[PDB]
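Notes to accompany the following structure.
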Amino acid sequence: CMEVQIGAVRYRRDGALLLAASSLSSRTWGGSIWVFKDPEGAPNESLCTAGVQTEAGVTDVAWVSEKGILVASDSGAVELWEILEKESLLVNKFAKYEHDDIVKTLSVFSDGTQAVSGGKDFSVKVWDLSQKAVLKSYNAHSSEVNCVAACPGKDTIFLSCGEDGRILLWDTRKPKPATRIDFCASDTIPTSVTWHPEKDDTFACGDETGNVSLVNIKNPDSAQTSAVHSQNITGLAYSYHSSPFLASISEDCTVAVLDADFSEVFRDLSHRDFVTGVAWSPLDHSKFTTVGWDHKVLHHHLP
Amino acid sequence: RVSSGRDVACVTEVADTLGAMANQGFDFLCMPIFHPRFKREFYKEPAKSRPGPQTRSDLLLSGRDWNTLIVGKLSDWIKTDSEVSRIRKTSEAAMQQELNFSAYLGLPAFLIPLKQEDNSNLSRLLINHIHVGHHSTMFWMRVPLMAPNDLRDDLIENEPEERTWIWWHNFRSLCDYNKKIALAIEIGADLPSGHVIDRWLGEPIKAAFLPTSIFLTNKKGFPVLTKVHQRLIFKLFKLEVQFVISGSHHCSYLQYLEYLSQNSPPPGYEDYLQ
Amino acid sequence: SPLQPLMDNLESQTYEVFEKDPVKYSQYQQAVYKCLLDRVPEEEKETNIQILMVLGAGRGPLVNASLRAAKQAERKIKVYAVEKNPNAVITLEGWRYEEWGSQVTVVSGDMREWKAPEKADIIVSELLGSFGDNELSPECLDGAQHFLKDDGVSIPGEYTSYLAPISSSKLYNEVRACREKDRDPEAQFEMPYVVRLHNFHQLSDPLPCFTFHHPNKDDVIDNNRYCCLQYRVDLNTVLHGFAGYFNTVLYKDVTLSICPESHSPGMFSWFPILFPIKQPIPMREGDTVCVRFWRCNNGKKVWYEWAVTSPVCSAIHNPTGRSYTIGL
Amino acid sequence: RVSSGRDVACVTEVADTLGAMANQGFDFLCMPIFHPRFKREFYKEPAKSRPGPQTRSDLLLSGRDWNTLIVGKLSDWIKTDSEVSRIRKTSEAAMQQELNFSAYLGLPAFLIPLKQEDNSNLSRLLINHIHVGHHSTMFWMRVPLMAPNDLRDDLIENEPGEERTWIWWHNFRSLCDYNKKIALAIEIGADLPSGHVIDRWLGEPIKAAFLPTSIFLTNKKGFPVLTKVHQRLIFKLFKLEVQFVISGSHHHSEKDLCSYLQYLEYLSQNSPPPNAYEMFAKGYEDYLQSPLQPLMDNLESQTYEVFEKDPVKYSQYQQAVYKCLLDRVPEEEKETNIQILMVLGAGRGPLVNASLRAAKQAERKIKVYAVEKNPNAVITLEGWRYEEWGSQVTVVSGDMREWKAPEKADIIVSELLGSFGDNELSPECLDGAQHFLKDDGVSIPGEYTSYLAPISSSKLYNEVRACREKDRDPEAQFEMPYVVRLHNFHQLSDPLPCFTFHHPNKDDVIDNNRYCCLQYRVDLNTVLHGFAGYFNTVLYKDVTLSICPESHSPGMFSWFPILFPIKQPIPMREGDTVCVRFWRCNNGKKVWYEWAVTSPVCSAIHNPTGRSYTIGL
Ligand SMILES: Nc1ncnc2c1ncn2[C@@H]1O[C@H](CSCC[C@H](N)C(=O)O)[C@@H](O)[C@H]1O
Ligand SMILES: Nc1ncnc2c1ncn2[C@@H]1O[C@H](CSCC[C@H](N)C(=O)O)[C@@H](O)[C@H]1O
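Chains as they are written, first to last, in the authors' numbering: chain D, 16 to 318; chain C, 8 to 167, 178 to 267, 274 to 290, 299 to 305; chain A, 306 to 633; chain A', 8 to 167, 177 to 633. A prime marks a further copy of an entry chain.
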């Protein structure tokens, strides 16, 4: 069956739900990947369409194109799984153990042929999914890499944040790709970053304190910060609206949603443990799904 | 005759991993007793009331195994000197929890990494744990010879040796040079000067960590260290310290260590004090 | 060594010393005076009876200072005089059945365990030590907070301890001679002493250490504290330890303080406290002095742990309260 | 393997004698470093100015050989306790000469025989030599089990009790203040004393046993054979792992010296199998530790493993739950009645499993609550919970005194018993857990009682006396209980019931402060060193556990006894009475014991106000 601690949740461009779970308390610390074409069936393994167990725990998962699935494992490996749809089967294509420590995060570029990895070994690796090998490995962070986010529409630019307190803007063309972004109260440790879909040079970030910040790379003095949560932000996600809402999850077991003006609109206290995932529905633009370590897969709606 | 251990980030199966590293030629295993991602709340509901086990029980291995084969590793998410009050509190609870569990298992050694200069609260909690009953547990302090920020690549356009020594010295001084507190140095791609090296060797080093990434690939696809690294291994040999291999397999690096021994340069009242 | 009125029952002679300062009596009487006028208007001059509780009544003084403050403000109060010291209760029931009357109810027991049959508007206590919280005032009031009304006022409302790096070869050698048999020969350096100002030379202005406010409306009440205080040295001297002072706010604007350059009354109400050091540190000018200070509470004991990390890194003094603790 | 040595009267060539005895099977040689006839003068000419070496050089053997192969022998003409001043003064100078030279050689052991009761001046010279820096040399005191005058043949017309030589050793060791460097080397004669006398000898630090060649009988084949009486003594010496020494000429048999060593090896591989022993082996024989406090401290996994090694405690508790269930729910309520059972102090499991299997054996349904305060043990408890047990067992982490049960229990099962019964604060723990027990609830155990008995043990006393730690009261060691073993002391009288605790306590005002005066009559002339503590308990009706001396109830190997030492040992005559005042105190923060002796001699109250020993909460 599926492990207790659910790690991540990703939506596919048809409604398919992609959840990752890992065992963090039992005698066997493994993991498993699941694909639900019927999101309401989650987390029941009897109502899934495809499921497979990984060699170790899974920290993060991401959709590759439509059939491919990327996996960040405890073994320090990045795994690409393909969905043999209606064979009820998930087949691994490659697993490359490039990181020397747990891969904490990974993001896929828009073209769906490249990806970036964030490791506990301080390493940031850009991947060539087609050739089943890495391109360049970056050691810019002096501590654990928390989150990485590929810039939508730009296959050479991505963001990264780590325990070293750095938020790095990347460009794999320059000899010095990394550029540290600073703003008011950036002294904290950033735990999650994400790009704004409708604004240029703008991203949203969260720290281990509970703050969710809106930062424009150009003119960072107008950065909007808000004490949304009381503990570490564990994920950020924008909606599919023209003026997208910002969903935030944290270790305070709460899920909140801000608008364009950074005012609170939604807040759910239904989770009974660390909510560790959040994703908006491509079908219903008011619907978004969150997962936690309470083995709950909850769906929400905007007022 | 080169006693070596294996450093792992996470163990999916204890019984299987032990036999696997035994076939490779490792003597002991550096593993976390709690899952490195399994963070936990101690004060705030509902995460505080989390059901189920906190970690895998002691009945997975025999008492003999815990006392000879396992070196515990402290969770990295624990930051007892965090400027955030809430985080400092949680870490203090987690620190005591894992220190108590390591002593419960009867572990011979427990890894506690130093990642900064300020480890005041850590030392306070550690010497407290030592003073309150629990005993017979050596405490290996993972301290890199060079700071992680001094070993990173110059890739930040807006942000272009004695440092880590202060980390160890201040912590040991704060701990009043406790006998149960030893040193576990980690070797980077760049080494400090010869004098600094000798100063580190004066400290009670019980283990030397060798990252798999500092090894160069030879003509025949074999691991090899530079002469600079080699001379350090030669000095570590005459201290009879243990070597821990960390990092990814991409695993018989011990062959090169034995190779450096069999063919090591020639030369015990050294501690003697009466 | 600092007296512990909680772990120990004070003698009558000891109480007589504490009751010799008219300043503490006046300021507390003034505090009750102002507090009454602020929580009951003139049109409720007789239809409103304020429930006042003197937590730690001692031999009387705080109860009488509250009664006279009620007459001065022309307000009616129902007094509860609670005390754990059985010997002091005997004195309390002397005033009770000769002077006070049925308006004052004398209670014998701990305020943390006592079950009040009536919530209080005002709680008045004087559990302050030379370092403010060294007599465990927070723990006592926290366990007595439940029977305080939702809009209740606590006197004192808050207090804060202070630390300052000092130099005193005189005080150090006096502590060094405090080696007792059948214990740690260095234990004397790991415990606070009640000293005098003229016996030491302060090296820098005191910084705020720990602050406690009542009633504590925190989520999870914790009295475990930690702070790093840094001071710059302007002379070539030797660090021998740290002086401890405190200031407190009884009611609004009515305060008491033993801080060096304080303009608030109470400068003669308490002797300062001293946290010695094992290895004295000779320092130059321009040097900085960072001290790590801990206040620990394991449920059974309360103590302090301190360490110097600048200019020279010393060792943590009194680890796990091995040399000095405070009862309950 | 049996290590043995050869006692020679004299040695001509040392190198020859070594290799000779080495091929005989010996491991070391007992030889004199000075010639046994080389009597010398010190204070009077012309004999004072004797030229030449005093004895052979040290360069004959290497340091390795001197340190491991040679045991020195003191000259027999040296009599430092002679009533003649000239002889004594000469012997004193001779005594110091051979002692300083034996230490110079780095000898591992040195032989000094005791031939009389008065060895006062011998003691003074010996403990001096130990105190003037020269140490690391064990001193084997050769004392025969029987006096030479008691083993001689009755061949005198005008000149025709066995503890005689015991006084020789006891007085000597006492004068030497029980020094660590002084050991015993018994010499076995043809006649042996009582078995109890032998058992007292074996209690002493025996390092060697001398086997004369004249005690061996010649078999009909010509081989050296010991009598059955001596064989039993050798068997007792085997488990003490002492070394044997053969003294005398091998020409009493038709074979050589090697045959004597083969016979001992023969007895070793044919020695009886040990039981009623081996519990403690190998060993808790000299066990002198402080009682564990599972309440104030969190036990280690290794520690739990030791407690869970006794099948008796598991069986009796399983039997207790078995009988208790059948007695409180009939056969017609075989499935309509669910008994609420709570394991208070579940540890790592055992008590929970013993309750589950007792439910299946009795065919009764139970709802189990497994509570524990040790967070580390709870981790183990939740392993069984989510793999074996299921939802029928609810694991609770916390103190039973503070835990708020959402459901009252029919049966509470706990094992908080110490060596003295209540020394692990079982009453206090159960009293605070009594409220969530039903009005007709059953507690396991239902009751327990501690016992005290006056004992005599110079061995245990001196072990406690050496437990003086720095930075505390130099006499604090005498004011605290120790977990010891039975064979290390001699009980002087039958144990009396001390304190009794029953659960649930239905008293008006529950008080665990206890006081009693226990009196015992002495039937021997001995020395009071302290009091042994035992306990017995009743889990359920008729199902009991006990560590009392002459108890027929199981559990005799489940706990070591406890010892309450005394500061001033009391020498007593027979007919004397021993009244001991014993207190159990509880000030709300600590629990401790206070004891005092008021007969025959009035001592002082030990551990007053728990100044030396307390128990947490
Ligand atoms: N928990 C508690 N319950 C009841 N009374 C208490 C208490 N703690 C302290 N007290 C009482 O309060 C009084 C404090 S007297 C304090 C004197 C003050 N520190 C000074 O130096 O001037 C004592 O008489 C004591 O008996
Ligand atoms: N007040 C309390 N609350 C909860 N558990 C307790 C407790 N007091 C003791 N325990 C638990 O009960 C267990 C007692 S183990 C006792 C072993 C026994 N004396 C023997 O020698 O064989 C311990 O694991 C301890 O954690």
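Backbone N, C-alpha and C define an ideal beta-carbon position, used for all residues, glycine too.
message = What I want to know is whether the C-beta of A'/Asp415 ends up closer than 6 Å to one or more non-hydrogen atoms of ligand 2.
response = By 1-based counting over the fourth sequence, the position of residue 415 of chain A' is 399. Annotation for A'/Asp415 indicates a beta carbon within 6 Å of some heavy atom of ligand 2.
key: Cα-Cα separation, D/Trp49 to D/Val67   = The count along the first sequence starts at 1 and reaches residue 49 of chain D at position 34. The count along the first sequence starts at 1 and reaches residue 67 of chain D at position 52. Distance from the CA atom of D/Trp49 to the CA atom of D/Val67, rounded to whole angstroms, is 7 Å.
query = Beta carbon of A'/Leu432: closer than 6 Å to some heavy atom of ligand 2?
reply = In the fourth sequence, residue 432 of chain A' corresponds to position 416, counting from 1. True, at least one ligand heavy atom lies under 6 Å from that Cβ.
inquiry  = For C/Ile134, report the span of its alpha helix (DSSP H) as first-last.
reply    = In the second sequence, the residue the question calls residue 134 of chain C occupies position 127. Where C/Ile134 is concerned, the enclosing alpha helix (DSSP H) stretches over 127–138.
query = Excluding sequence positions up to five away, which residues of its chain have a Cβ less than 7 Å from the Cβ of A/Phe452?
reply = Counted from its first residue, the third sequence places residue 452 of chain A at position 147. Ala421, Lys424, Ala425, listed in sequence order.
Identified DSSP bridge partners for A'/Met295 = For the purposes of this step, residue 295 of chain A' is taken as residue 279 along the fourth sequence, with counting starting at 1. In the DSSP output, where bridge partners are listed per residue, A'/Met295 has none listed.
ask   = residue 282 of chain A versus chain A': which residues are under 9 Å apart at the beta carbon?
value = Past the edges of chain A, shown from 306 to 633, lies residue 282 of chain A, and the structure says nothing about it.
ask   = For A/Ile428, is the classification buried or exposed, using 16 other Cβ atoms within 10 angstroms of its Cβ as the cut-off for buried?
value = Mapped onto the third sequence, residue 428 of chain A falls at position 123. Classification of A/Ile428: buried, given that the 10 Å Cβ count is 16 or more.
ask   = Going along the chain, which unbroken runs of the beta strand (DSSP E) with 3 or more residues stay wholly within the stretch 16–54 of chain A'?
value = Fully enclosed beta strand (DSSP E) runs of no fewer than 3 residues occupy 35–39 of the stretch 16–54 of chain A', in order along the chain.
inquiry  = One question on the structure: do A/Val384 and A/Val409 come within less than 7 Å of each other, judged by their Cβ atoms?
reply    = Residue numbering aside, residue 384 of chain A sits at position 79 when the third sequence is read from its first letter. Residue numbering aside, residue 409 of chain A sits at position 104 when the third sequence is read from its first letter. Their beta carbons are under 7 Å apart, which means A/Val384 touches A/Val409 by this criterion.
ask   = If you run the structure through DSSP and keep just helix, strand and coil, what is A'/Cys533?
value = Position 517 of the fourth sequence, counted from the first residue, corresponds to residue 533 of chain A'. Correct three-state label for A'/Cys533: strand.
inquiry  = Using only CA atoms, which one of A'/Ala22, A'/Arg248, A'/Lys475, A'/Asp125 lies nearest to A'/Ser210?
reply    = Sequence index remark: in the fourth sequence, residue 210 of chain A' carries index 194 (1-based). Residue A'/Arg248 is the option with its Cα nearest to A'/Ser210.
key: Straight-line gap, A'/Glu301 to A'/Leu561 (C-alpha atoms, nearest Å)   = Start at 1 with the first residue of the fourth sequence, and residue 301 of chain A' comes out as number 285. Start at 1 with the first residue of the fourth sequence, and residue 561 of chain A' comes out as number 545. Those two C-alpha atoms are separated by around 23 Å.
inquiry  = Three or more C-beta pairs under 8 Å: does that hold for the stretch 234–250 of chain C against the stretch 192–199 of chain C?
reply    = Verdict: no, contact absent.
query = Within the present structure, is the beta-carbon of A'/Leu311 separated from the nearest heavy atom of ligand 2 by less than 6 Å?
reply = Translated into positions along the fourth sequence, residue 311 of chain A' becomes position 295. Yes.
Where D/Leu33 sits in the DSSP three-state scheme = By one-based count along the first sequence, residue 33 of chain D stands at place 18. In this structure, D/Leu33 counts as strand in the three-state DSSP scheme.
inquiry  = Assuming A/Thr319 is part of the alpha helix (DSSP H), what are its boundary residues?
reply    = Taking the third sequence and counting its residues from 1, the one referred to as residue 319 of chain A is at position 14. Per DSSP, A/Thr319 belongs to the alpha helix (DSSP H) from 317–323.
query = Got a sec? Which residues, its chain only, sit under 8 Å from C/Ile119 by beta carbon, not counting five neighbours each side?
reply = Sequence index remark: in the second sequence, residue 119 of chain C carries index 112 (1-based). Cβ within range, chain order: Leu81, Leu129, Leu133, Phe146, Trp147, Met148, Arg149.
task = Under 8 Å by Cβ, that's how I've got D/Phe218 and D/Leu261 pegged, so tell me the actual separation to the nearest angstrom.
result = As a working mapping, residue 218 of chain D is identified with position 203 in the first sequence. As a working mapping, residue 261 of chain D is identified with position 246 in the first sequence. In fact, because the Cβ distance is near 11 Å, the residues do not count as touching under 8 Å.
message = By DSSP's criteria, A'/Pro120 is part of a beta bridge. Which residues make up the other side?
response = As a position in the fourth sequence, residue 120 of chain A' is number 113, starting the count at 1. According to DSSP, A'/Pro120 bridges with A'/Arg149.
query = Should A/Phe551 be listed as close to ligand 2, given that the test is whether its C-beta is under 6 Å from any heavy atom?
reply = Walking along the third sequence from the start, residue 551 of chain A turns up at place 246. Not one heavy atom of ligand 2 lies closer than 6 Å to the C-beta of A/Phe551.
message = Quick check on A'/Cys618: buried or exposed, where buried means 16 or more other Cβ atoms within 10 Å of its Cβ?
response = Within the fourth sequence, residue 618 of chain A' is the residue found at index 602, counting from 1. A'/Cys618 sits exposed, since fewer than 16 C-beta atoms from the chains shown fall within 10 Å of its C-beta.
request  = Go to A'/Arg180, then tell me how far its alpha helix (DSSP H) extends in each direction, as first and last residue.
outcome  = Position 164 of the fourth sequence, counted from the first residue, corresponds to residue 180 of chain A'. In the DSSP assignment, A'/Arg180 falls within the alpha helix (DSSP H) that extends over 180–191.
Residues that A'/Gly399 contacts on chain C, provided the C-beta gap is smaller than 9 Å = In the fourth sequence, residue 399 of chain A' corresponds to position 383, counting from 1. The contact set of A'/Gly399 on chain C, defined by CB atoms closer than 9 Å, consists of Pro60, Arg63, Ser64, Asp65, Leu66, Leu67 in chain order.
ask   = What do you reckon, are the CB atoms on A'/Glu485 and A'/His622 nearer than 7 Å?
value = Walking along the fourth sequence from the start, residue 485 of chain A' turns up at place 469. Walking along the fourth sequence from the start, residue 622 of chain A' turns up at place 606. With a cutoff of 7 Å on beta-carbon distance, A'/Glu485 and A'/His622 are scored as not near each other.
task = Give the residues of chain A in contact with C/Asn187, contact being defined as C-beta atoms less than 7 Å apart.
result = Working through the second sequence from its first residue, we reach residue 187 of chain C at position 170. Around C/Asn187, the beta-carbon contacts reaching into chain A at under 7 Å are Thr614, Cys618.
inquiry  = Does any residue of chain A have a CB that is nearer than 7 Å to the CB of C/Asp88?
reply    = On the second sequence, residue 88 of chain C is found 81 positions in, with the first residue counted as 1. No, its Cβ sits nowhere closer than 7 Å to a Cβ of chain A.
Sequence-distant residues of its chain with Cβ nearer than 8 Å to A'/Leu208 (five each side left out) = As a working note, residue 208 of chain A' is residue 192 in the fourth sequence. The residues are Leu152, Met153, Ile214, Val245, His246, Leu249.
request  = Please state if the CB of C/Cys37 and the CB of C/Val261 are separated by a distance shorter than 7 Å.
outcome  = In the second sequence, counting from the first residue as 1, residue 261 of chain C sits at position 244. In the second sequence, counting from the first residue as 1, residue 37 of chain C sits at position 30. Closer than 7 Å, so yes.
request  = Identify whether A/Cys445 lies in helix, strand or coil by the three-state DSSP scheme.
outcome  = For this step, residue 445 of chain A is matched to residue 140 along the third sequence. If DSSP states are grouped into helix, strand and coil, A/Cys445 belongs with the helices.
key: Length at least 3, wholly inside the stretch 217–297 of chain D: the beta strand (DSSP E) runs in chain order   = Runs of the beta strand (DSSP E) inside the stretch 217–297 of chain D: 217–222, 227–231, 239–241, 248–253, 261–265, 270–273, 279–283, 290–295.
query = When the Cβ atoms of the stretch 605–614 of chain A' are set against those of the stretch 500–511 of chain A', are three or more pairs found closer than 8 Å?
reply = As far as the Cβ criterion goes, the stretch 605–614 of chain A' does not touch the stretch 500–511 of chain A', which means the pair count is below three.
task = Taking C/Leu152 as the query, report the chain A' residues whose CB atoms sit under 7 Å from its CB, ordered along the chain.
result = Within the second sequence, residue 152 of chain C is the residue found at index 145, counting from 1. Result: empty, since nearest Cβ-Cβ is about 35 Å, beyond 7 Å.
inquiry  = On the DSSP bridge list, what partners appear for D/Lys111?
reply    = Taking the first residue of the first sequence as 1, we reach residue 111 of chain D at position 96. As a beta-bridge residue in DSSP terms, D/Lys111 pairs with D/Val93.
task = Consider the Cβ of D/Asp89: report whether some Cβ of chain C lies at a distance smaller than 7 Å.
result = For the purposes of this step, residue 89 of chain D is identified with residue 74 of the first sequence, where counting begins at 1. Residue-level contact by beta carbon holds for D/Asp89 and chain C, with a gap shorter than 7 Å.
query = How many whole angstroms separate the CB atoms of A/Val538 and A/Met588, which I take to be in contact at a CB cut-off of 8 Å?
reply = In the third sequence, the residue the question calls residue 538 of chain A occupies position 233. In the third sequence, the residue the question calls residue 588 of chain A occupies position 283. With 8 Å as the limit, A/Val538 and A/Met588 qualify as a contact, their Cβ atoms being about 5 Å apart.
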